[PDB]
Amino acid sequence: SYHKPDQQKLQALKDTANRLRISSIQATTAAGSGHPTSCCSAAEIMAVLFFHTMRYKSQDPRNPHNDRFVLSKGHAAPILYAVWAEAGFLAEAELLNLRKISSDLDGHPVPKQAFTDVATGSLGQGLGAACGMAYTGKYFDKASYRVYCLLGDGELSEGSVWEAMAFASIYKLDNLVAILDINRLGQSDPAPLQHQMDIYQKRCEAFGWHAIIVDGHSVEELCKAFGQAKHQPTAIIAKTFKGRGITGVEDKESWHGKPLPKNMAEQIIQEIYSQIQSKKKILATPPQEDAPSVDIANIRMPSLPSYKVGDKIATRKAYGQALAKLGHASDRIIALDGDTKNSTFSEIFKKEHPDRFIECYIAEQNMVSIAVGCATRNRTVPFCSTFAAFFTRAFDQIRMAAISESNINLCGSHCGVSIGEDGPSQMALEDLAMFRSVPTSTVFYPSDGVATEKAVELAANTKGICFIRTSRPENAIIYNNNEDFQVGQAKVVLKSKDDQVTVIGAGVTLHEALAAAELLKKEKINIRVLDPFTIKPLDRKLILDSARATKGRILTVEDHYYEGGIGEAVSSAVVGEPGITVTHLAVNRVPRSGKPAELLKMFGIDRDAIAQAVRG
């Protein structure tokens, strides 16, 4: 029920907006860096959202019943900090420690701050995360909390934003409000549309949003705009001036990310303070408590894998099966896929648990941001899937997911040349490089159905950015159903006493190495075959012990480019160990179409390459 504010409450919201301006200035001048002009356009929005519109516990920002706020334009972090001091949560003196190594008031928001769920310094990402939170609130939590996301106008140039706009209308997120700070300017020039407010409205409405144009420096218009619920996602299109309230700087270029020098900070602050009618702060209003409790326990498969050694299944299929199976053990599991469900086999999970499958369409960036938003406050355990090749489309979302300390799971299918005829646009050959460079990642590369099921289970229970690399060829099951698997533990899958070299393969190259072993025993050459299971962390101890047993010789073979994959991880793990050598076989250039087996041979990673190389 909207509380229509009185003059006094209005004046108090303007005072708050002006305190927020002063604090953004003081903090950024104290730091000697930061973005006070990007704070100042948003001052009334922030005052009205925090001190009229939103409902939350000011002493418990993470509380699951709270309305959510996402500062998509993350460089306005000082004003986010200022509202949490205004609300009583942060000590006001701490605001001056902005950007110090002794402070958690960092340059852009990050989840070490209790009041931040997702990191947003890379622009255009916050609305997708907000859609994750709103989808969760409407469809999973089924709670009364709302979700507010504040975007810049330059920021609306990112296509990820429009993926999120489209998602919100497809999924009728009428508990989501995007506020667009139309302050006319980006970093280095005006934003393309400047103050053509009608064209912003037309773009938003075309994408299915209820779009209201407001004076973004009118606390009353903002109250009223935020005050009416809709049956659609709502876009509050706020006409503002960058550096609003800073005389001489308002509506000027050349001021993005430039702090006021001390002397100018003092003079400006004094003018702003002269506008403030009372020192007295507005109190936050707490939320209706209707979010459900969510069970934190380990999630276990309801049975062991039911594959038999010798049956043939592609690991992309085993993943679909395993994920559906795991869906029956826990209600927190959700799946997301970008119009590839029939190829990744996440369609299996959709069939069994339709209410927990989210079709994300051809929009990999948004898919990862939705998963990040679903995983905030630990509300769900998301598994996203597409071809591994197209996770490169989402690399900045993935990179920011680690800075957001996010626990999301990603399964990318169709890795390497062994997909065959589609050709290199669909071949993931850089995904091990990409995910290894993500600092909280665990990289699972299961070589058969059993290993795949076990990887799914382990990933579910593993913090950080979990990636699972699946494959298209239907290889044999080689592991017993009851084989134990752990993160960082490899498997020796063929061995003797008289082994000439330890061959390390994974997925299709593991089975190529076992086939090479068969060619090689014909000439009385034994090879140890090792399946790493995780590429990160790598089982160094096992790899070294195997190498010492095989006259120091390691051969790595991978359906991936040479850089940042299995061969380099292994090289980096063993370099400088006496008596250890490492030969690396990998894919040396952009591939082409052909049969899976023909490509494996053309690119020097099939049984014959492996066999030919061991002899050397």
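Residues carry their position along the shown sequence, with the first being 1. C-alpha atoms forming the largest set that superposes within 1.5 Å between two forms make up the rigid core.
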> Core fit done; bigger CA RMS in 8 other deposited structures of this protein for 228 to 236 or for 371 to 379?
Replying inline: 228 to 236
> With respect to the recorded C-alpha B factors, which stretch has the higher mean value, 155 to 163 or 75 to 83?
Replying inline: 75 to 83
> Out of 393 to 401 and 321 to 329, which stretch has the higher average CA B-factor listed in the record?
Replying inline: 321 to 329
> Quick one: which of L185, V438, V219, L520 has the biggest Cα B-factor according to the entry?
Replying inline: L520
> According to the deposited entry, which of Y139, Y361, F357, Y307 has the largest Cα B-factor?
Replying inline: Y307
>> Taking only the Cα B-factors deposited for this chain, tell me whether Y479 sits in the lowest, middle or highest third.
In response: highest
> Among the chain's modelled residues, which third holds the C-alpha B-factor of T550?
Replying inline: highest
> In terms of the CA temperature factor given in the entry, to which third of its chain does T240 belong: lowest, middle or highest?
Replying inline: lowest
> Against its chain's modelled residues, does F207's Cα B factor rank lowest, middle or highest third?
Replying inline: lowest
>> Based on the deposited C-alpha B factors for this chain, I'd like to know if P259 is in the lowest, middle or highest third.
In response: middle
